[PDB]
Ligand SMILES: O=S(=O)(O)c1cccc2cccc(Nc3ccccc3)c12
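First comes one chain, alone, set out as structure tokens in the form solved without the named molecule.
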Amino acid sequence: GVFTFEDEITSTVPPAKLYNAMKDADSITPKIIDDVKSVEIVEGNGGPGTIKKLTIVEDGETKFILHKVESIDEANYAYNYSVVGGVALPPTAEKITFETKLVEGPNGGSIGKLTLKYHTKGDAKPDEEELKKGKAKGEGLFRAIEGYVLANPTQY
């Protein structure tokens, strides 16, 4: 089955800036997110279908997570990717997709939608702690990218 949660988020940063910075997430995130050590391209040019390998530390334990880029759409200010492999993928999960979509806000900022989609095989239910952790990671990445833009106003 597929279990989805969609949450609304806001930022004072306008969406083109946020989108541009999301495209540089591979170099922004390891600096900001202490548990993300590095991001390496396994295959591809950075667009849809690119597989990336993230080196993480969780509780003193080094782990590898594989992400597949799903879509990068300027028109929706969208940056979507999937967890496709590694320990970050729970035993119950076939795939976890993270989607971000932005629109212009009323005050020159952004209104965002963050979507977490958790695919399971057949009637298997997801681990509920996984929804929580997935929600927080999606929001954590968005806040990282936002934080970097706010702290570096001439970069974007």
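Residue numbers run from 1 along the displayed sequence.
There is another form of the same protein, the form solved in complex with the named molecule; it is not shown, and what comes next is about it.
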Exercise: residue 16 in contact with the named molecule in the entry with it bound, heavy atom 4.5 Å
no
Verify the contact flag for residue 33: yes if a non-hydrogen atom of it lies within 4.5 Å of a non-hydrogen atom of the named molecule in the entry with it bound, no if not.
yes
Do residue 51 and the named molecule share at least one heavy atom pair within 4.5 Å in the entry with it bound?
no
Indicate whether residue 65 is a 4.5 Å heavy atom neighbour of the named molecule in the entry with it bound.
yes
Contacts from 130 to 156 to the named molecule in the entry with it bound (any heavy atom within 4.5 Å), listed N to C, are 133, 136, 137, 140, 141
